[PDB]
file protein_6.cif (mmCIF, C-alpha atoms and all ligand atoms; chains and numbers go by the auth columns)
data_upload
loop_
_atom_site.group_PDB
_atom_site.id
_atom_site.type_symbol
_atom_site.label_atom_id
_atom_site.label_comp_id
_atom_site.label_asym_id
_atom_site.label_seq_id
_atom_site.Cartn_x
_atom_site.Cartn_y
_atom_site.Cartn_z
_atom_site.B_iso_or_equiv
_atom_site.auth_seq_id
_atom_site.auth_asym_id
ATOM 1 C CA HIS A 1 -243.742 -69.104 -54.674 0.00 1 L
ATOM 2 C CA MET A 2 -242.704 -66.118 -56.492 0.00 2 L
ATOM 3 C CA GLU A 3 -244.450 -63.383 -58.352 0.00 3 L
ATOM 4 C CA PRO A 4 -245.341 -61.925 -61.689 0.00 4 L
ATOM 5 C CA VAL A 5 -245.763 -59.238 -59.155 0.00 5 L
ATOM 6 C CA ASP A 6 -249.129 -59.087 -60.432 0.00 6 L
ATOM 7 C CA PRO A 7 -249.385 -55.869 -60.926 0.00 7 L
ATOM 8 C CA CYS A 8 -249.863 -56.534 -57.266 0.00 8 L
ATOM 9 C CA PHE A 9 -249.944 -60.026 -55.755 0.00 9 L
ATOM 10 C CA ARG A 10 -246.939 -58.826 -53.928 0.00 10 L
ATOM 11 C CA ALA A 11 -247.281 -55.296 -54.000 0.00 11 L
ATOM 12 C CA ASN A 12 -246.580 -54.737 -50.754 0.00 12 L
ATOM 13 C CA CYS A 13 -250.028 -54.489 -49.417 0.00 13 L
ATOM 14 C CA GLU A 14 -249.674 -54.985 -45.732 0.00 14 L
ATOM 15 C CA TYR A 15 -252.876 -56.739 -46.188 0.00 15 L
ATOM 16 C CA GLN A 16 -253.564 -57.067 -49.818 0.00 16 L
ATOM 17 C CA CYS A 17 -254.601 -55.693 -53.118 0.00 17 L
ATOM 18 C CA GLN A 18 -257.607 -55.281 -55.318 0.00 18 L
ATOM 19 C CA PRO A 19 -255.569 -55.511 -57.551 0.00 19 L
ATOM 20 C CA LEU A 20 -256.033 -52.319 -59.306 0.00 20 L
ATOM 21 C CA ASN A 21 -259.248 -51.141 -60.148 0.00 21 L
ATOM 22 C CA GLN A 22 -259.116 -47.383 -60.424 0.00 22 L
ATOM 23 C CA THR A 23 -256.824 -47.147 -58.015 0.00 23 L
ATOM 24 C CA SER A 24 -254.804 -49.191 -60.101 0.00 24 L
ATOM 25 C CA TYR A 25 -253.679 -51.140 -57.517 0.00 25 L
ATOM 26 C CA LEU A 26 -253.814 -49.997 -54.073 0.00 26 L
ATOM 27 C CA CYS A 27 -253.745 -51.781 -51.062 0.00 27 L
ATOM 28 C CA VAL A 28 -256.757 -53.248 -49.389 0.00 28 L
ATOM 29 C CA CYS A 29 -257.321 -54.523 -46.074 0.00 29 L
ATOM 30 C CA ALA A 30 -260.318 -56.065 -44.416 0.00 30 L
ATOM 31 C CA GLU A 31 -262.111 -53.591 -46.202 0.00 31 L
ATOM 32 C CA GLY A 32 -262.897 -51.336 -43.350 0.00 32 L
ATOM 33 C CA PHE A 33 -259.206 -51.592 -42.696 0.00 33 L
ATOM 34 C CA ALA A 34 -257.908 -48.637 -44.509 0.00 34 L
ATOM 35 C CA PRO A 35 -255.480 -45.832 -44.656 0.00 35 L
ATOM 36 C CA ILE A 36 -254.530 -45.162 -41.117 0.00 36 L
ATOM 37 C CA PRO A 37 -252.251 -42.243 -40.398 0.00 37 L
ATOM 38 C CA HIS A 38 -250.124 -42.762 -43.204 0.00 38 L
ATOM 39 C CA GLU A 39 -248.687 -44.842 -45.846 0.00 39 L
ATOM 40 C CA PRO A 40 -250.687 -45.269 -49.036 0.00 40 L
ATOM 41 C CA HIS A 41 -251.175 -48.803 -48.497 0.00 41 L
ATOM 42 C CA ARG A 42 -252.289 -49.185 -45.059 0.00 42 L
ATOM 43 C CA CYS A 43 -254.928 -50.222 -42.813 0.00 43 L
ATOM 44 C CA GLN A 44 -254.942 -49.701 -39.173 0.00 44 L
ATOM 45 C CA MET A 45 -258.029 -49.897 -39.489 0.00 45 L
ATOM 46 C CA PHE A 46 -259.894 -47.277 -41.204 0.00 46 L
ATOM 47 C CA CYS A 47 -260.919 -45.050 -38.430 0.00 47 L
ATOM 48 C CA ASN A 48 -261.798 -41.856 -40.212 0.00 48 L
ATOM 49 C CA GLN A 49 -262.501 -39.471 -37.448 0.00 49 L
ATOM 50 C CA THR A 50 -264.170 -37.527 -35.545 0.00 50 L
ATOM 51 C CA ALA A 51 -263.451 -40.485 -33.572 0.00 51 L
ATOM 52 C CA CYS A 52 -264.556 -43.509 -34.302 0.00 52 L
ATOM 53 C CA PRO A 53 -264.584 -44.569 -30.791 0.00 53 L
ATOM 54 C CA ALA A 54 -265.356 -47.742 -29.408 0.00 54 L
ATOM 55 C CA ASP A 55 -269.036 -47.763 -28.638 0.00 55 L
ATOM 56 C CA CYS A 56 -269.673 -50.841 -30.559 0.00 56 L
ATOM 57 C CA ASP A 57 -273.252 -51.765 -31.114 0.00 57 L
ATOM 58 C CA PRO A 58 -276.406 -52.173 -29.384 0.00 58 L
ATOM 59 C CA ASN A 59 -277.522 -55.527 -30.027 0.00 59 L
ATOM 60 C CA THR A 60 -275.540 -58.029 -31.905 0.00 60 L
ATOM 61 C CA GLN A 61 -272.239 -57.481 -30.479 0.00 61 L
ATOM 62 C CA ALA A 62 -270.562 -58.535 -33.636 0.00 62 L
ATOM 63 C CA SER A 63 -268.942 -55.681 -32.170 0.00 63 L
ATOM 64 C CA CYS A 64 -266.225 -54.321 -31.197 0.00 64 L
ATOM 65 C CA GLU A 65 -264.624 -55.198 -34.412 0.00 65 L
ATOM 66 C CA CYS A 66 -261.141 -54.454 -34.938 0.00 66 L
ATOM 67 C CA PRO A 67 -259.981 -57.029 -33.036 0.00 67 L
ATOM 68 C CA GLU A 68 -258.560 -58.861 -35.620 0.00 68 L
ATOM 69 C CA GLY A 69 -256.951 -56.331 -36.256 0.00 69 L
ATOM 70 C CA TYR A 70 -256.470 -55.171 -32.833 0.00 70 L
ATOM 71 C CA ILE A 71 -254.275 -53.437 -31.371 0.00 71 L
ATOM 72 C CA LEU A 72 -257.126 -52.126 -29.439 0.00 72 L
ATOM 73 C CA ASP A 73 -257.596 -50.293 -26.721 0.00 73 L
ATOM 74 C CA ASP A 74 -258.127 -46.665 -26.607 0.00 74 L
ATOM 75 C CA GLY A 75 -261.847 -46.635 -25.972 0.00 75 L
ATOM 76 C CA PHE A 76 -262.208 -50.158 -27.075 0.00 76 L
ATOM 77 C CA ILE A 77 -262.020 -48.705 -30.044 0.00 77 L
ATOM 78 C CA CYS A 78 -262.817 -48.587 -33.631 0.00 78 L
ATOM 79 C CA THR A 79 -266.380 -47.964 -34.671 0.00 79 L
ATOM 80 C CA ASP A 80 -267.623 -44.843 -35.525 0.00 80 L
ATOM 81 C CA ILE A 81 -271.147 -44.249 -34.648 0.00 81 L
ATOM 82 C CA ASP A 82 -269.951 -41.478 -36.770 0.00 82 L
ATOM 83 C CA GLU A 83 -271.563 -40.402 -39.843 0.00 83 L
HETATM 84 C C1 LIG B . -262.469 -54.184 -62.130 0.00 101 L
HETATM 85 O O1 LIG B . -263.672 -54.126 -62.859 0.00 101 L
HETATM 86 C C2 LIG B . -263.857 -55.242 -63.696 0.00 101 L
HETATM 87 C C3 LIG B . -265.188 -55.090 -64.434 0.00 101 L
HETATM 88 O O2 LIG B . -265.220 -53.887 -65.159 0.00 101 L
HETATM 89 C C4 LIG B . -263.820 -56.529 -62.865 0.00 101 L
HETATM 90 O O3 LIG B . -262.739 -57.322 -63.283 0.00 101 L
HETATM 91 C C5 LIG B . -263.695 -56.257 -61.365 0.00 101 L
HETATM 92 O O4 LIG B . -264.911 -55.750 -60.875 0.00 101 L
HETATM 93 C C6 LIG B . -262.572 -55.267 -61.059 0.00 101 L
HETATM 94 N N1 LIG B . -261.314 -55.985 -60.973 0.00 101 L
HETATM 95 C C7 LIG B . -260.861 -56.319 -59.752 0.00 101 L
HETATM 96 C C8 LIG B . -259.644 -55.497 -59.323 0.00 101 L
HETATM 97 O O5 LIG B . -261.346 -57.183 -59.031 0.00 101 L
HETATM 98 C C1 LIG B . -260.081 -40.552 -42.899 0.00 102 L
HETATM 99 O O1 LIG B . -259.247 -39.462 -42.607 0.00 102 L
HETATM 100 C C2 LIG B . -257.972 -39.880 -42.194 0.00 102 L
HETATM 101 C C3 LIG B . -257.207 -38.667 -41.663 0.00 102 L
HETATM 102 O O2 LIG B . -258.102 -37.651 -41.284 0.00 102 L
HETATM 103 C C4 LIG B . -257.242 -40.540 -43.368 0.00 102 L
HETATM 104 O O3 LIG B . -256.587 -41.698 -42.919 0.00 102 L
HETATM 105 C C5 LIG B . -258.156 -40.897 -44.547 0.00 102 L
HETATM 106 O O4 LIG B . -258.194 -39.811 -45.438 0.00 102 L
HETATM 107 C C6 LIG B . -259.589 -41.270 -44.148 0.00 102 L
HETATM 108 N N1 LIG B . -259.690 -42.698 -43.918 0.00 102 L
HETATM 109 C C7 LIG B . -258.888 -43.277 -43.006 0.00 102 L
HETATM 110 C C8 LIG B . -258.565 -44.736 -43.339 0.00 102 L
HETATM 111 O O5 LIG B . -258.454 -42.731 -42.000 0.00 102 L
#
call {"tool": "encode", "arguments": {"input": "protein_6.cif", "output": "structure tokens"}}
result
Amino acid sequence: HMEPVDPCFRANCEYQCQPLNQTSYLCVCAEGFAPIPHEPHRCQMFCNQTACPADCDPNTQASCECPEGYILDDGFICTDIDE
């Protein structure tokens, strides 16, 4: 199964890699999954604060995402009406 480890294709992206590109390679996740409180790879998700809460949408509820990821359940959380 193996690995040239790409660069990445292994890296050890919790999720995964770009690979690279200016990062040279990083690690992705589901790409608003992104460096939680800590390690330079992680997701969990992105929730760059001042909270994200919860408070999903109005209308569509595509929403409250992160389920999958979860593990939810602060608020409900994980979406930043923020900016
Ligand atoms: C890096 O940029 C090049 C084009 O310049 C292209 O291969 C792609 O957009 C990027 N590579 C990755 C990591 O997908
Ligand atoms: C948002 O800020 C937090 C810490 O304040 C940090 O993880 C990162 O710099 C930004 N993005 C994410 C994924 O949190």
call {"tool": "resolve_selection", "arguments": {"input": "protein_6.cif", "expression": "the PyMOL selection byres (((chain L and resi 69-76) around 8) and not hetatm)", "output": "compact mmCIF listing (two decimals) with C-alpha atoms, in the coordinates of the input"}}
result
# COMPACT_ATOMS: atom_id res chain seq x y z
CA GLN L 44 -254.94 -49.70 -39.17
CA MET L 45 -258.03 -49.90 -39.49
CA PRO L 53 -264.58 -44.57 -30.79
CA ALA L 54 -265.36 -47.74 -29.41
CA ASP L 55 -269.04 -47.76 -28.64
CA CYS L 64 -266.23 -54.32 -31.20
CA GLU L 65 -264.62 -55.20 -34.41
CA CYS L 66 -261.14 -54.45 -34.94
CA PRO L 67 -259.98 -57.03 -33.04
CA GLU L 68 -258.56 -58.86 -35.62
CA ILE L 77 -262.02 -48.70 -30.04
CA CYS L 78 -262.82 -48.59 -33.63
call {"tool": "resolve_selection", "arguments": {"input": "protein_6.cif", "expression": "the PyMOL selection byres (((not hetatm)) within 8 of (chain L and resi 102))", "output": "list in words"}}
result
residues 32, 33, 34, 35, 36, 37, 38, 42, 43, 44, 45, 46, 47, 48 and 49 of chain L
call {"tool": "write_last_selection", "arguments": {"input": "protein_6.cif", "atoms": "C-alpha atoms", "output": "short mmCIF file (atom, residue, chain, number, x, y, z; two decimals), in the frame of the given file"}}
result
data_model
loop_
_atom_site.label_atom_id
_atom_site.label_comp_id
_atom_site.auth_asym_id
_atom_site.auth_seq_id
_atom_site.Cartn_x
_atom_site.Cartn_y
_atom_site.Cartn_z
CA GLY L 32 -262.90 -51.34 -43.35
CA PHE L 33 -259.21 -51.59 -42.70
CA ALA L 34 -257.91 -48.64 -44.51
CA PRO L 35 -255.48 -45.83 -44.66
CA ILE L 36 -254.53 -45.16 -41.12
CA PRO L 37 -252.25 -42.24 -40.40
CA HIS L 38 -250.12 -42.76 -43.20
CA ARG L 42 -252.29 -49.18 -45.06
CA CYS L 43 -254.93 -50.22 -42.81
CA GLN L 44 -254.94 -49.70 -39.17
CA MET L 45 -258.03 -49.90 -39.49
CA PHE L 46 -259.89 -47.28 -41.20
CA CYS L 47 -260.92 -45.05 -38.43
CA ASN L 48 -261.80 -41.86 -40.21
CA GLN L 49 -262.50 -39.47 -37.45
#
call {"tool": "closest_atom_pairs", "arguments": {"input": "protein_6.cif", "of": "chain L", "to": "ligand LIG 101 (chain L)", "cutoff": "12 Å", "atoms": "only C-alpha atoms and all ligand atoms", "output": "Markdown table"}}
result
| residue | atom | partner | partner_atom | distance |
| --- | --- | --- | --- | --- |
| L:6 | CA | L:LIG101 | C8 | 11.2 |
| L:7 | CA | L:LIG101 | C8 | 10.4 |
| L:8 | CA | L:LIG101 | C8 | 10.0 |
| L:9 | CA | L:LIG101 | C8 | 11.3 |
| L:16 | CA | L:LIG101 | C8 | 11.4 |
| L:17 | CA | L:LIG101 | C8 | 8.0 |
| L:18 | CA | L:LIG101 | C8 | 4.5 |
| L:19 | CA | L:LIG101 | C8 | 4.4 |
| L:20 | CA | L:LIG101 | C8 | 4.8 |
| L:21 | CA | L:LIG101 | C8 | 4.5 |
| L:22 | CA | L:LIG101 | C1 | 7.8 |
| L:23 | CA | L:LIG101 | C8 | 8.9 |
| L:24 | CA | L:LIG101 | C8 | 8.0 |
| L:25 | CA | L:LIG101 | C8 | 7.6 |
| L:26 | CA | L:LIG101 | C8 | 9.6 |
| L:27 | CA | L:LIG101 | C8 | 10.8 |
| L:28 | CA | L:LIG101 | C8 | 10.6 |
call {"tool": "write_last_selection", "arguments": {"input": "protein_6.cif", "atoms": "C-alpha atoms", "output": "mmCIF file, in the coordinates of the input"}}
result
data_model
loop_
_atom_site.group_PDB
_atom_site.id
_atom_site.type_symbol
_atom_site.label_atom_id
_atom_site.label_comp_id
_atom_site.auth_asym_id
_atom_site.auth_seq_id
_atom_site.Cartn_x
_atom_site.Cartn_y
_atom_site.Cartn_z
ATOM 1 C CA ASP L 6 -249.129 -59.087 -60.432
ATOM 2 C CA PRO L 7 -249.385 -55.869 -60.926
ATOM 3 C CA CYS L 8 -249.863 -56.534 -57.266
ATOM 4 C CA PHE L 9 -249.944 -60.026 -55.755
ATOM 5 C CA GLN L 16 -253.564 -57.067 -49.818
ATOM 6 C CA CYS L 17 -254.601 -55.693 -53.118
ATOM 7 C CA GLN L 18 -257.607 -55.281 -55.318
ATOM 8 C CA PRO L 19 -255.569 -55.511 -57.551
ATOM 9 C CA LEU L 20 -256.033 -52.319 -59.306
ATOM 10 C CA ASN L 21 -259.248 -51.141 -60.148
ATOM 11 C CA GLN L 22 -259.116 -47.383 -60.424
ATOM 12 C CA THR L 23 -256.824 -47.147 -58.015
ATOM 13 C CA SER L 24 -254.804 -49.191 -60.101
ATOM 14 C CA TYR L 25 -253.679 -51.140 -57.517
ATOM 15 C CA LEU L 26 -253.814 -49.997 -54.073
ATOM 16 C CA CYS L 27 -253.745 -51.781 -51.062
ATOM 17 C CA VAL L 28 -256.757 -53.248 -49.389
#
call {"tool": "atom_distance", "arguments": {"input": "protein_6.cif", "atom1": "atom CA of residue 50 of chain L", "atom2": "atom CA of residue 14 of chain L"}}
result
24.9 Å
call {"tool": "atom_distance", "arguments": {"input": "protein_6.cif", "atom1": "atom CA of residue 79 of chain L", "atom2": "atom CA of residue 10 of chain L"}}
result
29.4 Å
